[PDB]
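In: Pasting the sequence and an experimental structure:
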Number of protein chains: 2
Amino acid sequence: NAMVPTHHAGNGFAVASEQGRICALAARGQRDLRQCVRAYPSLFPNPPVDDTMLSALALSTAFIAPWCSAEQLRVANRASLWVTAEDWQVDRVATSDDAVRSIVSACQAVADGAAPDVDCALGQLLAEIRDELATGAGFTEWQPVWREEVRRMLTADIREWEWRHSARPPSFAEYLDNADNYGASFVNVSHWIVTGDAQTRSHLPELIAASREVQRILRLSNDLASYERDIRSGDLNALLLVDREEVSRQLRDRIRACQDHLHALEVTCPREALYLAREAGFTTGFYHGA
Amino acid sequence: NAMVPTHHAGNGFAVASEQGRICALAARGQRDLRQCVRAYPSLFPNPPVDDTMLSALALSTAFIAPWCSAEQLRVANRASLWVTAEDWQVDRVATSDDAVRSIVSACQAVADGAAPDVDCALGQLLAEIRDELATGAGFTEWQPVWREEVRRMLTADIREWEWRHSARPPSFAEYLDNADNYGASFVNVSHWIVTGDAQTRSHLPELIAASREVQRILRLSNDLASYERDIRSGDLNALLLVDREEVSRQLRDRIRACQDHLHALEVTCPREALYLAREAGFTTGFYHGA
Ligand SMILES: [Mg+2]
Ligand SMILES: [Mg+2]
Ligand SMILES: [Mg+2]
Ligand SMILES: [Mg+2]
Ligand SMILES: [Mg+2]
Ligand SMILES: [Mg+2]
């Protein structure tokens, strides 16, 4: 026990002071989330989307990238909201194989630059985000990268809708392969487009592979936390495909592998790696809620 | 620059994971805050008390004592709420020199064990907290200590009400001497009664002197953040008595002196000192909001 420090108040003060500054940062970010729910209240019903949910969202993006101002976090926050609006339109609103695919097609069209249909709130919010990226981009030729993340996420949403209505569930491995429907990579790439530079662009392929590794971690941590809810709605959950012991051991090992990659990656992408490490850290700790 | 570490993702993950666990802890604490606002809605009007305010409160107590469960933070949270209910009844509701003093007398009476009057919501909430302390106390003879903090806080509320209606303002020094009206020491002592032990009791005098030192820091940091609001309501504010430069230099030096005391104090009160250091850290960082 003598190797364990006797004094902790000094570091205690310093850590708590940064946690307090980030909580105020998150409160400032919550203001744009409210603005967004307001412009499109049809996407954000109350029974799910209340200021409690908006608070948790703003706390996550502030604690994931605490070096950003609230204005710099605008995109990450609205993209995160857009993912939850799109999830809802697909999981709850859609009632047909045809309904889901027209949503997907309409979003892809907007992501590719088409004007949103006037009756399509989901498409109008995406078009707003896309135009924010166009004005805010720190580098050119961001469009192919962003459209690809849109495509990957929407395609995976299709596959999950099919699984919920299919005769046989996917394997655990196949399910984890489908984690783009979580939307984390979509959010990360949106964030990096407005906050990165030319250096960011030349490292985008590696950054996106790391982002997809973190997203698999987030899917496992999400599902371990949401098992009861998922059971309740017939939604797919990793713990239906393997047991909690395998999910937890795999979470542990994936985290340790991912941090080894981030350790290498930070030599070239210090800000990028940090963003991902804090995204994996905050989200797994928050979802676990120990 | 080579002395500055190249690698930050690993520590980034670990810090973010604890921040995420504490944010979930805070969300669990918010549930008792809601329960309390509900039982006494007459004390907690909406124009001030919304879930935004409750969220900030729960985040502060969770980040100040992250080793506590939500159940262990119940008292600290309800005592904090009680201070804001009492502030409101005094600042807004009371309209007379007589009104303020009967509030004070009624609260002191409940703190000393009297039954609250059936028409007195403020007194009923205090009686609930007092009874929670009685059942939850980690040591005997807590009552004289707690009643003294009640008395100090209420007496200072009287003095501030008089200053707002007096011909001459206090000096800066006298104002800072009156910081018990902030309620931080009241909250800390309530917290320590239910979470401390016999060891805590024998160190209470020193712990309370340290608590009062942190409270002066909190008053300065509060006032630097609330200057505009205070100007708006004619409420007293340290920046009316000295200039921002002196308040800021004094905040800096008081913090450094207080952490020197906490450094000594932690040898005997490790958990106590930590609580105070994190209270000073979180609150000054949150109020500053850089
Ligand atoms: Mg979904
Ligand atoms: Mg999803
Ligand atoms: Mg879920
Ligand atoms: Mg007051
Ligand atoms: Mg006060
Ligand atoms: Mg104030």
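Out: In hand now; what should we look at? Numbering: from 1, shown residues only, chains lettered A, B, ... in the order given. Ligands and ions are numbered 1, 2, ... in the order given.
In: would you list every one of the helices in the stretch 101-250 of chain A?
Out: Ranges of helices within the stretch 101-250 of chain A are A:121-136, A:143-164, A:172-177, A:184-195, A:198-202, A:204-233, A:244-265, based on DSSP state H, counting those that start in this stretch.
In: Of the ones you listed, which stretch is the most buried?
Out: Each of the helices of the stretch 101-250 of chain A was assessed for mean neighbour count using mean count of other Cβ atoms under 10 Å in any protein chain shown. The highest is helix A:184-195, with a mean of 25. The way it works is simple: take the backbone N, C-alpha and C, and place the C-beta from them, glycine included.
In: which secondary structure elements does that one contact?
Out: Under the contact criterion of 3 or more Cβ pairs under 8 Å, 6 or more residues apart in numbering or on different chains; DSSP states H and E, helix A:184-195 touches helix A:74-88, helix A:121-136, helix A:143-164, helix A:204-233, helix A:270-288.
In: To residue A:44, which of the helices of the stretch 101-250 of chain A lies closest?
Out: Of all those, it is helix A:121-136 that lies closest to residue A:44, at 9.5 Å by Cβ to Cβ.
In: now that closest one, how far from the chain's geometric center?
Out: Its chain's average C-alpha position is 17 Å from that of helix A:121-136, according to Cα atoms, centre = their mean, to the nearest Å.
In: Likewise for stretch A:156-167?
Out: For stretch A:156-167, the distance to the chain centre is 20 Å (Cα atoms, centre = their mean).
In: try stretch A:205-216
Out: Between the centre of stretch A:205-216 and the centre of its chain there are 12 Å (Cα atoms, centre = their mean).
In: now stretch A:135-151
Out: Relative to its chain's centre, stretch A:135-151 lies at 16 Å (Cα atoms, centre = their mean).
In: Now do it: distance from first to last residue.
Out: In stretch A:135-151, first residue to last residue: 22 Å (Cα to Cα, to the nearest Å).
In: and for that stretch, what are the contacting residues?
Out: A:75, A:107-108, A:111-113, A:126, A:130, A:133, A:180, A:185-186, A:189-190, A:193-198, A:200-201, A:204, A:208 (Cβ atoms under 8 Å, 6 or more residues apart in numbering or on different chains).
In: contacting residues around the closest residue to residue A:157 other than its chain neighbours?
Out: Nearest non-adjacent residue to residue A:157, counting by Cβ to Cβ, 6 or more residues apart in numbering or on different chains: residue A:181, 4.9 Å away. Taking Cβ under 8 Å, 6+ apart, we find residue A:181 in contact with A:153, A:156-157, A:159-160.
In: So which bits of the stretch 51-200 of chain A are right by ligand 5?
Out: Within the stretch 51-200 of chain A, not a single residue sits near ligand 5 (Cβ under 5 Å from the ion).
In: Quick one: name the residues of the stretch 51-200 of chain A near ligand 1.
Out: Checking the stretch 51-200 of chain A against ligand 1 by Cβ under 5 Å from the ion, the hits are A:87, A:91.
In: run the last query once more with 6 Å
Out: With Cβ under 6 Å from the ion as the criterion, the stretch 51-200 of chain A meets ligand 1 at residues A:87, A:90-91.
In: Of these, just say which sits nearest to ligand 1.
Out: Proximity of these to ligand 1 was ranked by Cβ to the ion; the top entry is residue A:87 with 3.6 Å.
In: measure the closest one to ligand 4 for me?
Out: Residue A:87 sits 44 Å away from ligand 4, taking Cβ to the ion, to the nearest Å as the criterion.
In: Closest residue of chain A to ligand 5?
Out: Closest point on chain A to ligand 5, by Cβ to the ion, is residue A:20, at 19.1 Å.
In: what's the spacing between stretch A:218-238 and its chain's center?
Out: Mean-position distance between stretch A:218-238 and its chain equals 16 Å (Cα atoms, centre = their mean).
In: do the same with stretch A:233-241
Out: 20 Å.
In: Output it in PDB with nothing but the alpha carbons.
Out: Included here for stretch A:233-241 are C-alpha records, laid out as PDB according to Å, rounded to 0.1, in the frame of the first residue of the first chain:
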ATOM      1  CA  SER A 233     -39.400  -4.800 -28.700                       C
ATOM      2  CA  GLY A 234     -38.200  -7.800 -30.500                       C
ATOM      3  CA  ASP A 235     -35.200  -5.900 -31.700                       C
ATOM      4  CA  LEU A 236     -32.000  -7.700 -32.400                       C
ATOM      5  CA  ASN A 237     -29.400  -7.800 -29.700                       C
ATOM      6  CA  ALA A 238     -25.900  -9.400 -29.500                       C
ATOM      7  CA  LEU A 239     -26.800 -11.400 -26.400                       C
ATOM      8  CA  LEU A 240     -29.400 -13.400 -28.400                       C
ATOM      9  CA  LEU A 241     -26.500 -14.700 -30.600                       C
END
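In: Next, the buried residues of it.
Out: Within stretch A:233-241, the residues scored as buried using 16 or more other Cβ atoms under 10 Å in any protein chain shown are A:236-241.
In: Which ones among these map onto strands?
Out: Using DSSP state E to define strands, no part of the buried residues of stretch A:233-241 is located there.
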